[PDB]
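Shown here is one chain on its own, the form deposited in one PDB entry, set out as structure tokens.
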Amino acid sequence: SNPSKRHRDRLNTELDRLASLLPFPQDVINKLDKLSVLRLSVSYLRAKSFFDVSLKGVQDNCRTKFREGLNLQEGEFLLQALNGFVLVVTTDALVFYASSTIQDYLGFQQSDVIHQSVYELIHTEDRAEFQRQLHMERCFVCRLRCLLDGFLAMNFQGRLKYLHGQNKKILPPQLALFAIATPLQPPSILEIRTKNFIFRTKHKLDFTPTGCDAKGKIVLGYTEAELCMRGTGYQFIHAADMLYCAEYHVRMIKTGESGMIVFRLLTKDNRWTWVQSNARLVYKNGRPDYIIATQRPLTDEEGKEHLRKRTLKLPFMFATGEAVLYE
């Protein structure tokens, strides 16, 4: 023995007893290091002290046992319905709290994030922006590091509320950001990534659809009947492509073949999907009967590339927007 080692042993004993009480699974406590043991002890105490003053049930008129069981999980239900995670950040840009689902969206462990600097999770070029939001309602966007790539852009919707019970020095409480971070919606676009996905549609002479194969149902999202009850195919065309499609329809009327055209179709989700199509005229007794269009879905990248290298220059060429379709 010797006094220094005695004191270190007592310190480590107190540290282990602190680790034993942390509200984490045992496999998480075992991997912890003493510094983060102290860190999350402090963070748990701060959280409990805030909840001691800010916090505090089915209507007894409508209370069943199953409803009680669901009420005992209401919190996790909300957390799962968030489609994202919770963030509570102090004025020092310290993470007062982050929900577990942050690991679902960024790859960071909740116990590694709590009581740490928020900027370590946020892209440099955006950190300044975040600061301006920290100093009542708030709605903005930020790029956070995603270990599952590497960054992810996310919408933060939250508020600035006083983080009570922090016992700073006694100083008054400071404004903390209570926000929900959710991923960014990709633009209203549909890009089939399944390779080799050419599909054919059948139409009458005015381009009103009458038949379609399985891959067409998969990409466009309509049932076979649903395709043919909503007017001609021009009811399905993006307004930036209507005139090009009309020109190529005239070309097919005059020569039987349309040539390769690139344009956007309206899915049943009311999204736009790019297609490179080719319309051929089928004949009955030497007279035109119906149209056989064969389409290959494109990505947004090469779609905008084809649009930017457009042969004809027609009005509404660069227009963007949304549409609906009725029967």
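Shifts are known only where both forms have a C-alpha. In this text, residue numbers run from 1 along the sequence as written. Rigid core here is just the name for the largest C-alpha set that superposes within 1.5 Å across the two forms.
Q: At least a third of the other compared entries leaving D149 unmodelled, is that the case?
A: Yes, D149 lacks coordinates in at least a third of the other compared entries.
Q: Quick one: across the other PDB entries of this protein we compared, is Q131 left without coordinates in at least a third of them?
A: No; none of the other entries leave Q131 out.
Q: Enter the number of deposited residues without atomic coordinates between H135 and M136, binned as none, 1 to 3, 4 to 9, or 10 or more.
A: In the deposited sequence, 10 or more residues between these two have no coordinates.
Q: Which class describes the count of deposited residues lacking coordinates between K169 and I170: none, 1 to 3, 4 to 9, or 10 or more?
A: According to the record, 4 to 9 deposited residues lack coordinates from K169 to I170.
Q: Taking only the CA atoms, which stretch has the higher mean B-factor in the record, 172-180 or 224-232?
A: Per the deposited B-factors, the answer is 224-232.
Q: Quick check: 111-119 versus 181-189, which has the larger average CA B-factor in the record?
A: Between 111-119 and 181-189, it is 181-189 that shows the higher mean C-alpha B-factor.
Q: Kindly indicate the residue among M260, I291, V42, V28 with the greatest C-alpha B-factor in the PDB record.
A: When the deposited C-alpha B-factors of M260, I291, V42, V28 are compared, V28 is largest.
Q: If you compare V275, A47, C62, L35, which has the highest Cα B-factor in the entry?
A: It is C62.
Q: Of the three thirds of its chain by CA temperature factor, lowest, middle or highest, which one includes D213?
A: Middle third.
Q: Lowest, middle or highest third: where is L265 by Cα B-factor in its chain?
A: Its C-alpha B-factor belongs to the lowest third of this chain's values.
Q: Test of reading the entry: by CA B factor among the chain's modelled residues, which third contains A319?
A: Lowest third.
Q: Sorting the chain's modelled residues by C-alpha B-factor, tell me whether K56 ends up in the lowest, middle or highest third.
A: Answer is highest: the recorded C-alpha B-factor places it there.
Q: Considering every modelled residue of the chain and its Cα B-factor in the PDB entry, is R159 in the lowest, middle or highest third?
A: Its C-alpha B-factor belongs to the middle third of this chain's values.
There is another form of this protein, the form deposited in another entry, and it is not shown here; the text below is about that form.
Q: For the list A128, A239, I189, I253, which one shows a CA move of 2 Å or more between this form and the one not shown after the core is fit?
A: Result of the superposition: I189 is the only one at 2 Å or more.
Q: Could you tell me whether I192 and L265 have their C-alpha atoms closer or farther apart in the other form than in the shown form, knowing the shift is 3 angstroms or more?
A: Their C-alpha distance grows by at least 3 Å in the other form.
Q: Would you mind telling me if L220 and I192 are closer or farther apart in the other form than in the shown form, C-alpha to C-alpha, with a 3 Å or larger change?
A: Those two alpha carbons end up farther apart in the other form.
Q: Can you give me the runs of at least three consecutive residues whose Cα atoms all move 2 Å or more between this form and the one not shown, with the core used for the fit?
A: In sequence order there is one run that relocates between this form and the one not shown, which is 187-195.
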